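Every residue, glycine as well, gets a Cβ built from its backbone with ideal geometry; the counts of neighbours run over all protein chains shown. Just so it is clear, none of the values below were taken in a lab; they were calculated from the coordinates.
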Amino acid sequence: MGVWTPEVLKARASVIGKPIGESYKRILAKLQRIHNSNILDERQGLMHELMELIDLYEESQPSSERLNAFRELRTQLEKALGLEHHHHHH
């Protein structure tokens, strides 16, 4: 949980839908897989690459220090790596 950032956020920031076709969209798409595969033993491996991948994509186009805005996303991935069980439910 706490790992949500689908096109919804981009739609709000971008107001009108307008997804770019390319790899840069791959990172955004990974959200769909992560969503369902949230904190999933399988996603655990991807989680690591996700954080590293972003670090390479953050400077790729948005090197204007704008990565700070995306840094919020990395936090979710970083926290996810905590594998902490905050669910606690009967």
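Charge dipole (Cα centre; +1 on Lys/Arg Cβ, -1 on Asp/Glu Cβ; no other charges) of the chain amounts to roughly 440 debye. Can you find, among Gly21, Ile54, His90, the residue sitting farthest towards the positive end of the charge dipole of the chain, where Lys and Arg contribute +1 and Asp and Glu -1 at Cβ? Farthest towards the positive end: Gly21. Between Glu22 and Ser63, the contour length at 0.36 nm per residue exceeds the Cα-Cα span by 12.9 nm.
Between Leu46 and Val15, the contour length at 0.36 nm per residue exceeds the Cα-Cα span by 8.2 nm. Fewest-first ordering of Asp55, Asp41 by other beta carbons within 10 Å of each residue's beta carbon gives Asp41, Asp55.
Under the combined filter of DSSP loop state and at most 15 neighbouring Cβ atoms within 10 Å, the range 1-50 retains these GluC sites (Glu not before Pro): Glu22. Of all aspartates and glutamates in the structure, the ones whose alpha carbon falls short of 16 Å from that of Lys18, not counting any fewer than 8 places away in one chain, are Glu7.
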